[PDB]
Amino acid sequence: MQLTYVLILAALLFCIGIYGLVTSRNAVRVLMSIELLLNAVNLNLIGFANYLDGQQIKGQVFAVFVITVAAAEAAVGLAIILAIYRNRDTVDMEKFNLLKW
Amino acid sequence: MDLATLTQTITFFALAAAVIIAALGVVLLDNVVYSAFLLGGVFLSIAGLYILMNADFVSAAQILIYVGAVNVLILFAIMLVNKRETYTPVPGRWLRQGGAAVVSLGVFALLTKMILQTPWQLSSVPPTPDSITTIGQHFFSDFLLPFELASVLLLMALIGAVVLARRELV
Amino acid sequence: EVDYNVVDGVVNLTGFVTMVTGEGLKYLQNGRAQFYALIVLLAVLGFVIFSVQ
Amino acid sequence: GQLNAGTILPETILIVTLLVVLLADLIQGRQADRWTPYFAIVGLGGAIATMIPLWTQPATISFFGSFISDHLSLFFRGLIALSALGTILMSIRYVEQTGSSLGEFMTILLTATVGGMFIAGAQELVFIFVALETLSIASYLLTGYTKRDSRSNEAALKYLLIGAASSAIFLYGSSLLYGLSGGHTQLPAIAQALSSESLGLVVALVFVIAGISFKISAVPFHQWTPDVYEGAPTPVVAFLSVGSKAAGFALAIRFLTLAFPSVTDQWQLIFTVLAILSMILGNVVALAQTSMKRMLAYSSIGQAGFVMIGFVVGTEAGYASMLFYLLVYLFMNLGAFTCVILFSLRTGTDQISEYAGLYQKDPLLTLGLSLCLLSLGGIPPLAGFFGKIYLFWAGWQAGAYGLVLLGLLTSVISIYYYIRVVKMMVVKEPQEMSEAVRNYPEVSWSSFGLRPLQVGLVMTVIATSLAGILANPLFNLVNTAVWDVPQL
Amino acid sequence: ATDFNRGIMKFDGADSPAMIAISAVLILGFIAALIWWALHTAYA
Amino acid sequence: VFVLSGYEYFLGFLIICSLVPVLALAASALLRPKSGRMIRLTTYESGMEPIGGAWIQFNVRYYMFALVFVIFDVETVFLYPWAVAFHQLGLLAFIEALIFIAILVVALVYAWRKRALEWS
């Protein structure tokens, strides 16, 4: 058994990203947690492409696309963080409670 | 476990402990620059993990993008928003943190149950060492439409991130 | 007095107890994004738990 | 399979239109904004016009197992293209009035359109992900486009947070589907490689359902929608309520009928709970909203519950009722958002109380917003009555009595908060009119983009009123897009 | 309630909640008694 | 099964190349003045006290250069498997990669024309 260890490590990385997506006060640490989530998914994909689909490695192509889309999504997320930092001069997530009920 | 599979298991457990420890340091650290450097530590240990499971081009892509470009961008934006904010702890911190911990532990217990419970269809054929040639054959095959759509995604992401991170002094 | 009070009380009470559940169900959407993702993940957990018995 | 690149000609025309609009605003600058909206309109019309020869073709799975050009994907591609066409007709004066550039806005909007139109037919798991995050990232960029406003920046940040979390949950579901089916990424190959319910398939199902219901705005995942529709530009939220929701429903029909035709009772129970509590919380929280955009957000959640009534039934008429309701919902919601645009351009306000007394100042705006909001409420001669009639006819057919009863009850609740806006515009006295309507400008359709606004308003109002009684060609166009759904 | 207590219909303690409650149970109880009696005494 | 060849030296050379700054700094710290009962801890500031507040200016050029680096870095990592698997692919893959390169050339023209490649 070695694929299940890669999957359990990817699940632990996903839950470490979850605790931190919904915990962190800094808005950039939320994007760091989002990158942790995406790298957990990529660990699942590369492990599945290794232990199940080693000849046609479609999970590695999937992980290349996830890496390349997650790069652009982190880029536009830091753009949105800088745009919200320009007006309100904090980055604290507890000061972005303006669009309530 | 003579010497090769022993080295592979020792490397896997060392890199897994490095991912776990550095990812906890990304979350559970007060200094945000330490999280922004331990994120690169996470990405490097994950690239070593990809090296272990026969994905060398994807590991080099992981070093080139996540360490080389995404972490550098994150560090640049961290230096851009670097201040000395107080971050006064709100009185309802239990409702966020304890709920977040029990949700993360519930998702981890559920995922561990379905991972250890599922009969995965393990292959006996060894994988191909020539990964980048089959990925290049895949990019102009089955995966051609995402390959062309990724260019439009990158163009739109560059357009929007130039627009939103700009000053329009006119 | 019975007609104006009791029967119109049932009618206006039907129209009233559907107004205070939305003046008190809007506080479920409270402006915090991390609470919203917590609700999303609790929904994921609850739908897995209820979809398997 | 074999590559069939003649399928992508709507999206190819729209990608070329995107590139021409961007290159024109790079060459000419802001003075390129005088003709490039009309070029984007002609490009979207050309995409819809090239969809017409594709409608008379077979199923013709296009790329190497990566795209389906059947009538269902063609219907959804035409729906998303019409949503973007109405959005471009609304965002000519509104984007120029904020001082922003119109060409970069239109290229991000056309990128969202090609992302939705690629969602509309998609078999690869990675093509589903790439098109879904093309639409998602373009929606985050369109949400905070007016970056001098704090509400748009906050809406973009909390939209990117929820969307990235839902994207990673969707990707964990897609990675689990890649692992559970051996090594397959196409949805029919996943359907063939797994055919029995197990712990792990239910996990991938609920993860994918969360990532999809983020786009649907079902009730535990609805919470981005009121903040985004209060914060973002109003044509962006018109596109997000029509075209993004249509892309999410295209993803749901493409995914749950192809990748999961084995746990159909499980995701039908899940979407039953989503529909029930989505109708409830969408139609009773809009009673207390005092802004028109937030009321339209909660009403959009209620309309998503009404569509999920027909989605959860699982028959041919149920999918047809969902398609017809999305088709008429395009007309009524684009007309309502066109009137919200045309009132906020002249008054600068959004509150429902500030609409008071509009009947004598701007009669066309009150006729438009009255007809579209009453069509959203389910008033007989308009289109939404017939859409709800089909949604309840298909839903009493396959024994879903409680969902049809809840849909009728929440439509009665919906009538109150729609008729409140109609009461503000029509019923309120001249001596009781608001400060925005007292200082109302002269009605002039000649400034920069108010004539495309009037053209889009007249077209959507004529559609949402006349196309309820002329619905039989729409019924015929919809019911042939249901034969391409498995198990019917 | 005060708009009904004028002129000919003018009685002290008519819109009181005790009087409204006893008149409500009297009226609506005779309604329910007549309905149950019609379902029982009348055939078809 | 680990089938990659050449990475049994990569781990050992990573270990030894990580130890060579560690051994250099440890051999420095062994033979060194352990000294300084007064202030080692001073900032430079060109010969005197810290002048003018301990801050730098927010400048978004640091974001814009790393952003265009992210975009064209992703472009190059997509272009690597096209490049090495070019001898096994015909004119059609060259046309498809030409479409990819042309869309990101339009992205470079946008990054040039809008003032995002600027001074630093």
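Here the Cβ is made from the backbone with ideal geometry for all residues, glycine too, and neighbour counts use every protein chain on show. What follows is calculated from the coordinates using simple rules that are stated; it is not laboratory data.
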Residue (of B:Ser141, D:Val42, E:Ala32) at the positive-pole extreme of the protein assembly as shown, dipole from beta-carbon charges: D:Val42
Nearest-ten-degree value, helix E:17-40 long axis tilted from longest Cα axis of chain E: 20 degrees
Cα centre as origin, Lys/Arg/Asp/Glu Cβ charges: chain B dipole, Debye: 760 debye
Cα extents of the protein assembly as shown along the three principal axes, largest first (Å): 114, 71, 61
Charge-dipole axis of chain D as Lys and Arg at +1 and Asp and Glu at -1 on Cβ define it, positive-most pick from D:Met332, D:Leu205, D:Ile253: D:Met332
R0 of 45 Å, Cβ-Cβ distance E:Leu28-B:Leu95: FRET efficiency to nearest 0.05: 0.45
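Using a 10 Å cut-off on Cβ atoms, rank the peptides F:89-96, D:235-242, F:59-66 from the highest mean neighbour count down. Write down the numbers at each step before the final one.
Values: F:89-96: 13.4, D:235-242: 28.8, F:59-66: 19.0.
Order by mean packing, descending: D:235-242, F:59-66, F:89-96.
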Cα centroid separation, the range D:203-250 to the range D:105-154 (Å): 12 Å
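Which order do D:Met295, E:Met19 fall in if you start with the one that has the fewest other Cβ atoms within 10 Å?
On the way: D:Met295 27, E:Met19 15.
Listing D:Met295, E:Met19 from fewest to most nearby Cβ atoms yields E:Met19, D:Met295.
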Taking only Cα atoms of the range D:227-294, radius of gyration then Dmax in Å: 15.2, 44
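List the equivalent ellipsoid semi-axes of chain F in whole Å, largest first, each obtained as the square root of 5λ for an eigenvalue λ of the Cα gyration tensor. Please report the intermediate quantities before stating the final value.
Numbers: eigenvalues 418, 205, 12 Å².
So the three semi-axes of chain F are 46, 32, 8 Å.
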Percentage relative contact order, chain A, counting C-alpha pairs under 8 Å, at least six apart: 29 percent
Relative packing of E:25-34, E:8-17, which averages over residues the other C-beta atoms within 10 Å, highest first: E:25-34, E:8-17
In nm, spacing of pseudo-spin labels at F:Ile51 and E:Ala21 (7 Å Cα→C-beta vector): 8.7 nm
Computed lengthening from B:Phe13 to B:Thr112, 0.36 nm per intervening residue step minus Cα-Cα distance: 33.9 nm
Three-way shape call for the range D:395-488 based on the alpha-carbon gyration tensor, with the a/c threshold at 1.5: oblate
For chain C, average projected area of the Cα convex hull in nm²: 5.9 nm²
Positive-pole candidate from E:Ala14, A:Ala40, D:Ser69, dipole of the protein assembly as shown, charges at beta carbon: E:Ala14
Cα centroid of the range A:33-101 to Cα centroid of the range D:363-437, whole Å: 40 Å
Acute angle (nearest 10 degrees) that the helix D:383-396 long axis makes with the longest principal axis of chain D, alpha-carbon atoms: 30 degrees
Dipole moment magnitude, nearest 20 debye, the range D:172-301 about Cα centre, only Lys, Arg, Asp, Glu C-beta charged: 260 debye
Backbone N within the range D:257-282 under 19 Å of label point (7 Å from D:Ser198 Cα along the Cβ vector): D:259-267
Spin-label pair F:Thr42/D:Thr60, simplified geometry with 7 Å Cα→Cβ offset, distance in nm: 8.0 nm
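At 15 angstrom or more along the helix axis (alpha-carbon based) and mean Kyte-Doolittle of 1.0 or higher, what helices does chain B contain? Whole DSSP H runs only. Write down the numbers at each step before the final one.
Values: long enough: B:4-27 (34 Å, 2.04); B:32-52 (30 Å, 2.11); B:93-117 (35 Å, 0.91); B:144-164 (30 Å, 2.44).
Those that clear 15 Å and a mean of 1.0 are B:4-27, B:32-52, B:144-164.
Shape of chain B from its Cα gyration tensor (a ≥ b ≥ c, root eigenvalues): rounded if a/c is under 1.5, otherwise prolate when a/b > b/c, or oblate? Each step should come with its number before you reach the end.
Details: a/c = 1.87, a/b = 1.20, b/c = 1.56.
Oblate is the answer for chain B, as a/c is 1.5 or above yet b/c matches or exceeds a/b.
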Bins of 20 Å from zero: percent of alpha-carbon pairs in chain D: 25, 60, 15, 0
Cβ neighbours within 10 Å from other chains - mean over D:209-221: 3
Global form of the range A:1-93, assessed from the alpha-carbon gyration tensor, a/c cut-off 1.5: oblate
C-alpha center-to-center spacing [the range B:9-23, the range B:26-52] in angstrom: 11 Å
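Sorting D:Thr257, D:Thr60, E:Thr41 on the 10 Å Cβ count, fewest up front, what's the list? Don't skip to the end; give the middle numbers.
Numbers: D:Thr257 21, D:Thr60 15, E:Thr41 8.
Listed from fewest to most nearby Cβ atoms, that is E:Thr41, D:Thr60, D:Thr257.
Report, as an integer, the average count of C-beta atoms from other chains found within 10 Å of each Cβ along D:282-289.
Working: counts 0, 2, 9, 10, 2, 7, 9, 3.
Mean shielding count: 5.
Fewest Cβ neighbours within 10 Å first, please rank D:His222, D:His71 accordingly.
D:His71, D:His222
First measure r as the distance between the Cβ atoms of D:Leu470 and D:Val20, then evaluate 1/(1 + (r/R0)^6) with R0 = 41 Å and state the FRET efficiency to the nearest 0.05.
Between D:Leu470 and D:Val20 the formula returns 0.70.
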Using alpha-carbon coordinates, inclination of helix A:3-21 to the longest axis of chain A, degrees: 0 degrees
Chain D: relative contact order as a whole-number percent, Cα under 8 Å and 6+ apart: 15 percent
Protection proxy ranking of B:109-116, D:303-310 - average other beta-carbon atoms within 10 Å, highest first: D:303-310, B:109-116
Per-residue mean of C-beta atoms belonging to partner chains within 10 Å, peptide A:86-95: 6
Modelled FRET efficiency - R0 35 Å, F:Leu19 with D:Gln28, Cβ distances, 0.05 increments: 0.05
Cα centre as origin, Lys/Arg/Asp/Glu Cβ charges: the protein assembly as shown dipole, Debye: 1660 debye
